[PDB]
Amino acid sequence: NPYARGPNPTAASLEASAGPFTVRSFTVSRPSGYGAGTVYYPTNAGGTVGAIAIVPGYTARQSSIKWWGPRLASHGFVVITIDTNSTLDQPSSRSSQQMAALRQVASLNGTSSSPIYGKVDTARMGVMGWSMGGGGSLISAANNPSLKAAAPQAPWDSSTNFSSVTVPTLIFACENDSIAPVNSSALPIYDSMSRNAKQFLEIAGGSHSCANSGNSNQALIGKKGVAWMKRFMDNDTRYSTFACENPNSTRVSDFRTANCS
């Protein structure tokens, strides 16, 4: 596997705050099609790595999703966290801004002054985000089936029909979400998808922000996020058990999976 990076994973290595790689970050100097961005990158991954774009929810900024930056980058990804043009942008606009963020990562990969010059495999990309940014991630996946993985959290869209999505999709959900109730948002979205590898992980007792920066489940959520992106963006079957397994955890209120390998 030419995309395999880092040592063989363990439960402990994936539950830890930090993966094997050293992480550095920069602010995007001229954001192209979105409000602002922070890029997180491994300094020592030992080969090109895929890119992930992460978008927040309505009223939210990078702080809500920023924990994912170092968490994913430390396992061998270039991660861009964005602010939207407006905190009040809707999911279709969030999707356009997420894809614009991935485009800019590709640009910076070809820019000799950039810290991520030649660090990115621009053919291997992923999408994540919170609530309307989660709905945006699924729109991104529906519109761009060459995306390798999606892992939205507490998603919301005006439509729950993502039957079009062929991208491997992990849905994080929050059991007691009162903003985007699981029964009206996350679970119908999950049930709509019949053509893809998919998973549904609902965090027990979780409020709408159960997968955000400062959550109390970073060990489990981080493990599942990293394993999913490693399995599908890097085709790394060393991660197949971690990616597909029912965690069998008191921290999980609901688990569903399909077409996982």
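Residue numbers here begin at 1 and follow the sequence given.
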query	finding
Stretch with the greater mean C-alpha B-factor as recorded in the entry, comparing 224 to 232 against 192 to 200	192 to 200
Mean temperature factor over C-alpha atoms, higher-scoring stretch between 247 to 255 and 15 to 23	247 to 255
Which of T169, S158, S140, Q97 ranks first by CA B-factor in the deposited coordinates	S158
Out of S74, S131, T81, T111, highest CA B-factor residue	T111
Entry-reported Cα temperature factor of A45, expressed as the chain third it lands in	highest
Entry-reported Cα temperature factor of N144, expressed as the chain third it lands in	middle
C210 CA temperature factor, ranked by third within the chain	highest
Modelled-residue ranking by C-alpha temperature factor, third containing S63	middle
Chain-relative CA temperature factor third for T38	lowest
